[PDB]
Amino acid sequence: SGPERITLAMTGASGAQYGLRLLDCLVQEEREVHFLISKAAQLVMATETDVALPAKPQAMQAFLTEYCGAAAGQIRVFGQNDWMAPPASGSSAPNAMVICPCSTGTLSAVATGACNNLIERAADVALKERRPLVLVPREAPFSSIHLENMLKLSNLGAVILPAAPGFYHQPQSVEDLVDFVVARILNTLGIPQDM
Amino acid sequence: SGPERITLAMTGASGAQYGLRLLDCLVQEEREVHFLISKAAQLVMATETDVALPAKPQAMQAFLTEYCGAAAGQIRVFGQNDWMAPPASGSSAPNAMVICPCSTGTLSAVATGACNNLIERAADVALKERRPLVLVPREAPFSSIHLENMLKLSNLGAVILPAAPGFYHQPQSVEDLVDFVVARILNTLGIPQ
Amino acid sequence: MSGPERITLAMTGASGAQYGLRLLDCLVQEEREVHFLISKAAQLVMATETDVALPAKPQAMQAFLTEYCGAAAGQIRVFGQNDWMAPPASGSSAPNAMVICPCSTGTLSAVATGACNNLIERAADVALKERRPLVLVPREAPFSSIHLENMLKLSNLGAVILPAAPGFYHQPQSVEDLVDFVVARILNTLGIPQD
Amino acid sequence: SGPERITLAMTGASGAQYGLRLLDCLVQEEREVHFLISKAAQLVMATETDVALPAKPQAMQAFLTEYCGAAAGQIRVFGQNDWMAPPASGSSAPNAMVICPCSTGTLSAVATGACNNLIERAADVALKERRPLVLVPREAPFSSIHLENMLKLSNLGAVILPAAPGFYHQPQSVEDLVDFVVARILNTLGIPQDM
Amino acid sequence: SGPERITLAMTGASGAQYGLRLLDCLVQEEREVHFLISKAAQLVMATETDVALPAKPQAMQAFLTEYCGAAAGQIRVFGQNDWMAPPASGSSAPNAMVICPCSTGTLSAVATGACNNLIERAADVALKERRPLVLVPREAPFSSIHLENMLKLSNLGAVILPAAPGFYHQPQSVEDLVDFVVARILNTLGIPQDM
Amino acid sequence: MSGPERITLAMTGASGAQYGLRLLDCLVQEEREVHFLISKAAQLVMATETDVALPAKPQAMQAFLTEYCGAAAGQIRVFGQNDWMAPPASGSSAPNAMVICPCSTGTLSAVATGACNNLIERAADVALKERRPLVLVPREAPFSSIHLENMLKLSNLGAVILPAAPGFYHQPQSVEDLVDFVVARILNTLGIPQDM
Amino acid sequence: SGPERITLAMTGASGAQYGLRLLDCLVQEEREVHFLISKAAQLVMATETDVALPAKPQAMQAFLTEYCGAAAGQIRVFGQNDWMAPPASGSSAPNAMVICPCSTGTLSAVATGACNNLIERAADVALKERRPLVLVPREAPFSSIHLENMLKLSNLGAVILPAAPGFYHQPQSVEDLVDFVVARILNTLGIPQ
Amino acid sequence: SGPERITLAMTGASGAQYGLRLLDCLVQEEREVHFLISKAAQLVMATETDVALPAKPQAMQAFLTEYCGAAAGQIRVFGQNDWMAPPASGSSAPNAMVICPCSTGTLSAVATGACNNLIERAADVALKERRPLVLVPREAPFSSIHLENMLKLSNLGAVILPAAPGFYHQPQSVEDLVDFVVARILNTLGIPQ
Ligand SMILES: CC(C)=CCC/C(C)=C/CN1c2cc(C)c(C)cc2N(C[C@H](O)[C@H](O)[C@H](O)COP(=O)(O)O)c2[nH]c(=O)[nH]c(=O)c21
Ligand SMILES: CC(C)=CCC/C(C)=C/CN1c2cc(C)c(C)cc2N(C[C@H](O)[C@H](O)[C@H](O)COP(=O)(O)O)c2[nH]c(=O)[nH]c(=O)c21
Ligand SMILES: CC(C)=CCC/C(C)=C\CN1c2cc(C)c(C)cc2N(C[C@H](O)[C@H](O)[C@H](O)COP(=O)(O)O)c2[nH]c(=O)[nH]c(=O)c21
Ligand SMILES: Cc1cc2nc3c(=O)[nH]c(=O)nc-3n(C[C@H](O)[C@H](O)[C@H](O)COP(=O)(O)O)c2cc1C
Ligand SMILES: Cc1cc2nc3c(=O)[nH]c(=O)nc-3n(C[C@H](O)[C@H](O)[C@H](O)COP(=O)(O)O)c2cc1C
Ligand SMILES: Cc1cc2nc3c(=O)[nH]c(=O)nc-3n(C[C@H](O)[C@H](O)[C@H](O)COP(=O)(O)O)c2cc1C
Ligand SMILES: Cc1cc2nc3c(=O)[nH]c(=O)nc-3n(C[C@H](O)[C@H](O)[C@H](O)COP(=O)(O)O)c2cc1C
Ligand SMILES: Cc1cc2nc3c(=O)[nH]c(=O)nc-3n(C[C@H](O)[C@H](O)[C@H](O)COP(=O)(O)O)c2cc1C
Ligand SMILES: CC(C)=CCC/C(C)=C/COP(=O)(O)O
Ligand SMILES: CC(C)=CCC/C(C)=C/COP(=O)(O)O
Ligand SMILES: CC(C)=CCC/C(C)=C/COP(=O)(O)O
Ligand SMILES: CC(C)=CCC/C(C)=C\COP(=O)(O)O
Ligand SMILES: CC(C)=CCC/C(C)=C\COP(=O)(O)O
Ligand code: NA
Ligand code: NA
Ligand code: NA
Ligand code: NA
């Protein structure tokens, strides 16, 4: 149930634990994850978390495999200019893509179709193939430029799922609020939530 | 610095801690608060927090005054159909209004101008007087209907400030994330801390 | 089983209560769980157009409809118009499909604007944000531009505008044949067999 | 009271009983009817009804006069390419036009101004002369293409009256539902109703 | 996997080899094909290929069955005015439709909802049923009218797949470029590309 | 002689490098001055799809392309992606026409929004503000609504959207026949003869 | 009177003298300036003026401090990828921003919200905080793409102040025409002369 | 090369030197110029320049002929209500038109089609005949009203060439900046320098 392969992209918005928690749940659900991360997102993760993420893909692939307890080849990391990567072509891309968190800059590039890196190209491919594309922005306030880009992508089928956790399950910690959004993302993708 | 009188409206979106914390900070900054709350918001607050507000405005005004340690007359509560309340007319309304949290239904009514209660009429008055109007929605995902209503109000001058706390100050508790959004609301209003 | 397991069926104050009752009956015989909602105006419509004595409060209404359709225990669930704890009010718990049959012009407007003033309008707002099937069955003549604009906007967002306009190419002999035509299209739109 | 000359066009939408019943009431109300019918509507009438309609206008005029009990010359039938017919020119056209039923193709042609036959040209003339134009579509569901065509024409003054009969007069027959829509059409035209 | 019944329409754009190759692949995948072809497309196939396609539907069905080695009844050909054909109604139409190649005229008619023939009506039905509709245009340059009609249909859920083959598999023949587009069509429909 | 004397030919990272190489060859045989631009992604596409070993640096690239097409001295001029002093970057010095072939969806987006992040996008922006012919040759399937919206906006402003969609009504026998079809349409759009 | 801290960004449009003259006037008005400059704007300044700025921010800060005679810490230069710089976040950014001159590319990125460097991110922050954002484009002719981006930013509150000096004070030198535009920028910001 | 006859209209925007310099270069390029000037532009020229322009057309034609050294009949001046003038009809109008400088009012009238004087009617004729129409506005800041009028006209084929001179040719005088804009107008029209 749900997509077997998911492209997980992390961009330079605040909330790196949303993406790390989502990656861990996708691994526990035994899904193949094509992991992409921007240069700004690597700076965010080093600023907000105690996760020492390696810079190059191969070292990053081995780190995240140990960090999540993933099986061999379950996590695949690709550089930001690796156009030969599966997510860059329609016939080879995973059946679903999540950008979590999604910076306002990546939200702008996906809305305009800039395709300046692998993350933006993979989102452009998901839209032209009409595959699930979930964007998780973190920004306050939302400008009209942010809202216009979100509305345009939402009108085209993309799911605008902001990092706005709810409080109606009486959260006790920061991780409870992170798990709220992550479960919302798995719910949108059609993947069970074994928290 | 900042508005002396603020209309604080709470509607039936999740995140009643945001509005309670914002009310407390406005009281600590010695601002006069015209407090409004919807029926659905009262149930949200009783569901998510330990605060069950008295229903009638006078008993609700005494509760919030004790809850926040406010001075006499600093917090003024008005019913949802009290059109004689200050926030309902342009000449008497407080010069700033915040809907925190702002449900998708209240976001709908403000965008269309429904004015079916005092909260929606007060937001309509704030727009026609071109006074600060801060909306704090809590919803995931945002549908195109939600985004269209936010974009229209954003284009008209309202500040769309979603309940999306940041993590770049390394929060350690739920209260740190609530304080993140409340601090952004006060900065939007021009109020210290 | 093919199609939605659980369906939110909302009846609003448009004429054509026979459409909603016949649809509820067919959904029960196809062994679907139905979360039944009804407005105050629709209760007055059913008392005016039909001889069905529908109880006013939910618990008595649930027992009446269970006996009316011959449903199993718990197959039909009735919720009040302000029951925000009902499953259809939240995305995580809502049924995976919703039908508003019949759909008044007032409910059509509220769903198009997102008013969320009752459980019916909030459930439709949830179905749109979760991108789940939302079928609207309006009954009105003529269609003003306000009606058509609200229908077009919801049609552009993925909702299915299925007006109560039965066809005659199966040579109907009774009013029930025309009622069954519209109900058959609703079940076909949802992906549910029709006998 | 009301227009004394009516252009009645039938196009290939289901519900030929609506058009035949409307023609019958217009004859009973002593109105002159300029009757037009498309090739697809002739196939619909033969499929849905037991009415054996002749193919070309002169025989069709004598049949409809006998079928409706009309006076001599009360009904005038014109071919689909008779550009010399009154409804094709502004000075000579009847000052009211009804397309009942109105197919999605005719609804599209009127909205775009195709003027490919006498029916579409007559509707184009009615719009440029600011004369009443009533369109009775029969389709379910309404696509966004259908709704935008209806919205554009309704914004221009045309009346979009879908074949959506009401049930608040407690109908007991198919003919009761047909008379509901016909009565609304006459009500829109300002013509009295008399069952 | 994928739809079992396909409506394959060929219109008067250049690239008849695309449609013939797609028909052959759909047959090899054991899919039932409802084949439609316009008069202009018949002239295109006679001009670009040496396939002698019979004009009448019954002889065309026997030819295409022998041309692709299809089973009995696997290919069903319907005339351009056969409104009784399955693709003309929502209840009976195949669950997916492809127009390959798609003329600028057919692209125009589908965008406006002209429904002047079976091909245009079947596409209009696919849109109101929200079933897959893949359009394969062949035109250069694309005018603003072409792009506006493509954008409107793409915004409604139709897949605009232009006959623009890629070269990144290093093609050696014209057939390699034809297979590139056909493979993209099958992948869009969710059908394997074993062949 | 008819048509523009100087043409800016830009190749971006869309599939179909044979289209641009064939167009450059035809413009050279028609004795046109070509200001050749190429993106880093297009250099990867050419190395992947063709057996053409294109040098990376501009001056070594200009010598290779001059010998590849048999051009005269100075007929082909190659400029780096950040060479803002290049003629195509300014309205007074830019060539009379510009062709982006092939045109990636990213370059199509940057021209539609006016990003001007490299010389190719800046040259296209200059061609639009001077109202000079701008031909875009996209290669993508399917076309998303984002692609179509960017194409419609540029087409509405005067740019020629010429997709890499070759026709079959001349009964082609090879891949190059289909490549020559698209190139001939580009030359017809520019007003240049096609005695290829 | 006027903002005490201003973000001054220079992008690769012609007219580097406008930004240098504006930076000088802001320094003489005792304002704190968060100076940002693009790679292309450095090439423009070296082409049109006698000023070739040191590339790194620290050496550029000392050069501009000596060039304008600024006090210690009055001018602060930040790199194009310094996301920790004050202008990149709403709570810490200066309350006014000027992009002078403003390239057609930066005008494009601010209109779409590209946020690809610190300059474009700072302008995006200024718009979401509803703070003064002044864009000074230099281009001729204006294409419809340029005008569409300017109209969108103008409709959102940004001030489109093109480098189009007037002649009604009868200028006698290039410096008089530069001072015309700089005077209008300061008047737009509420800063005297 | 380029149009043989050009309609040159001067309206009440600042920058009369642009129009006078453009008229001079069109004469040196042996072009026939149909010169039009608004009453507001006559006041701008008297304010910004030392050029004593006569008020009525025939004396204005003789002055401009001697000011530019034009041949006999090369410059033809027409009044603001001379509807029989060549530029007022499509069959008789010159092949190209330039409004330099272009006031915001004339920009508005051309965008709406007011045709209240010969200048506005001539621009309306140029658009309906699809002939080159160059507008040179001088205004700062550009309001959204100005930008919307410019965008509509540019979408219709008109060239919006603002009086924004560049500095990349290192100008040494006001005349160098004037010559920059004039050179771009001539290059837009297809006329050499
Ligand atoms: C003292 C501290 C820690 C201060 C932090 C101040 C800010 C800006 C906080 C919020 N925050 C943020 C935090 C941090 C640590 C960094 C490095 C960057 C951001 N940015 C800016 C983007 O990265 C920038 O726009 C890239 O250009 C995107 O590139 P890409 O799309 O990833 O390729 C951002 N963006 C967005 O949208 N929402 C956001 O909350 C933030
Ligand atoms: C086995 C059976 C009974 C099959 C019938 C299946 C269908 C499609 C039923 C509904 N139905 C219908 C019925 C019949 C009998 C025919 C011949 C045609 C239609 N069509 C198609 C149009 O005629 C077509 O689109 C012409 O091209 C319009 O031409 P024109 O405007 O009249 O000139 C239609 N259209 C529309 O809108 N609503 C509608 O309910 C129907
Ligand atoms: C413990 C459980 C199971 C709780 C259910 C949680 C649900 C259903 C959603 C979260 N949540 C929410 C929580 C609770 C407790 C209640 C009572 C209501 C809401 N609603 C619905 C609105 O109140 C409704 O739409 C009123 O009609 C608005 O009226 P008003 O504008 O205030 O006057 C809501 N709305 C919105 O936007 N974002 C939101 O997160 C929520
Ligand atoms: C007997 C009866 C028949 C009605 N018929 C219609 C109808 O056909 N269509 C419609 O839109 N409204 C109809 N209405 C009016 C609606 O009920 C009314 O607008 C109401 O406000 C709808 O509220 P709801 O959307 O909560 O049901 C009818 C009302 C009654 C009592
Ligand atoms: C040999 C031939 C090739 C054609 N090529 C194209 C083409 O590539 N694209 C296109 O849009 N039309 C092309 N046309 C024109 C269309 O056939 C024409 O517009 C026709 O009206 C389409 O009708 P249809 O949509 O019913 O097929 C071609 C026609 C012929 C005879
Ligand atoms: C071998 C290869 C083939 C590609 N095919 C296409 C294509 O057909 N269309 C497209 O838009 N992009 C294609 N891409 C992706 C683009 O190169 C990518 O979007 C890049 O960002 C474009 O940058 P540019 O516009 O500067 O060339 C391809 C890339 C590679 C390496
Ligand atoms: C000397 C020089 C002068 C330039 N003049 C202009 C100009 O007047 N207007 C403009 O929009 N771009 C001009 N450009 C081009 C821009 O620098 C180029 O588009 C660049 O990508 C802008 O990058 P930025 O927005 O990061 O500064 C000029 C470039 C150079 C090197
Ligand atoms: C000395 C002077 C300078 C002016 N400067 C400008 C200017 O720079 N831009 C502008 O749009 N209008 C300017 N105006 C105002 C216009 O002249 C005024 O709007 C007038 O109505 C324009 O009329 P016209 O379009 O018929 O010339 C100026 C006026 C005067 C007298
Ligand atoms: C004590 C009284 C009479 C109060 C008046 C109440 C209202 C809503 C006045 C309208 O105010 P406005 O004109 O819309 O701003
Ligand atoms: C011999 C005659 C009377 C021919 C008239 C036929 C038509 C359709 C004229 C156009 O009429 P209009 O000007 O568009 O209203
Ligand atoms: C020293 C040199 C060659 C400077 C030219 C640099 C540029 C790109 C000028 C822009 O020109 P434009 O006015 O925008 O058309
Ligand atoms: C041999 C390889 C790795 C080719 C990669 C192809 C790419 C990057 C895009 C084409 O894919 P699409 O046609 O746009 O879906
Ligand atoms: C007697 C004469 C020559 C009068 C001049 C004609 C005018 C002023 C406009 C007609 O011109 P147009 O038809 O609109 O292009
Ligand atoms: Na790019
Ligand atoms: Na409400
Ligand atoms: Na038709
Ligand atoms: Na840029």
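Residues numbered from 1 in each chain as written, not as in the entry; some residues may be left out. Chains lettered and ligands numbered in written order. Part of a larger assembly, values for the part shown. Heavy atoms only, no water. Residues with missing side-chain atoms left out of burial classes, pairs and counts.

Per the PDB entry, chain B carries the name Flavin prenyltransferase UbiX and comes from Pseudomonas aeruginosa. In its Sequence similarities (unreviewed entry) section, UniProt records this for chain B: "Belongs to the UbiX/PAD1 family." (UniProt positions renumbered as here; feature names shortened; annotations may be inferred.)

As annotated in the PDB entry, chain F carries the name Flavin prenyltransferase UbiX and comes from Pseudomonas aeruginosa. Quoted verbatim from the Catalytic activity (unreviewed entry) heading of the UniProt record, the comment on chain F is "dimethylallyl phosphate + FMNH2 = prenylated FMNH2 + phosphate".

**Examining the pattern of salt bridges**
Oppositely charged side chains may form a pair once their charged atoms are brought near each other. Per the stated rule, a full pass over the model turns up 48 salt bridges over all chains. Among the salt bridges present, the one from C:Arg122 reaches B:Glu139, with a minimum N-O distance of 3.1 Å. Here C:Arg122, found in helix α5 (residues 119-129), pairs with B:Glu139, found in the loop between β5 (133-137) and α6 (144-155), and the two come from separate chains. Side by side, C:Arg122 and B:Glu139 carry an identical accessibility label, which is buried. Where salt bridges share partners, they join F:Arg122, F:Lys129, F:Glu130, G:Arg138, G:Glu139 and H:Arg184 into one cluster. (Salt bridge = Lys/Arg side-chain N within 4 Å of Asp/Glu carboxyl O. Helix = DSSP H or I, 4+ residues; strand = E, 2+ residues; numbered from the N terminus. Buried < 20%, exposed > 50% of the residue type's maximum accessible area, 1.4 Å probe, protein only.)

**Examining the sheet that holds strand β6 (residues 159-160) of chain G**
Residues and elements named next belong to chain G. In spatial order, the strands read β3-β2-β1-β4-β5-β6; together these six strands make up an open sheet with parallel pairing. Taken across any chain shown, the strands that pair with only one partner, and hence form the sheet edges, are β3 (75-77) and β6. As paired strands, strand β2 (residues 32-37) and β3 are joined by three bridges and run parallel to one another. Bridging across to β3, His-34 finds its partner in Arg-76. Contacting β4 (97-102) and β5 (133-137), helix α4 (residues 104-112) runs over the sheet at an angle of about 140 degrees to β4. (Pairing = 2+ DSSP bridges. Contact = heavy atoms within 4.5 Å. Axes fitted to C-alpha atoms, helices over the stretch in contact; angles between N-to-C directions.)

**A few points about the interface of chain G and chain H**
Taken together, the contact between chain G and chain H spans 38 residues of the former and 40 residues of the latter. Each partner contributes to the roughly 3000 Å² buried at the junction of chain G and chain H, and carbon and sulfur atoms together form 67% of this total. The three residues of chain G that bury the most area against chain H are G:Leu147, G:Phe167 and G:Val174, which together make up 20% of that side's buried surface. Put simply, chain G and chain H have zero salt bridges between them. Taken together, chain G and chain H are joined by 12 residue pairs in polar contact. Here the side of chain G that touches chain H gets seven residues from one element, more than from any other, and that element is helix α6 (residues 144-155) of chain G. Residues belonging to the side of chain G that touches chain H are distributed by class as follows: 21 nonpolar, 13 polar and four charged. (Buried area = accessible area lost by both parts, 1.4 Å probe. Polar contact = N/O pair within 3.5 Å; in protein donor to acceptor, adjacent residues only side chain to side chain. Nonpolar A, V, L, I, M, F, W, Y, C, P; charged D, E, K, R; others polar.)

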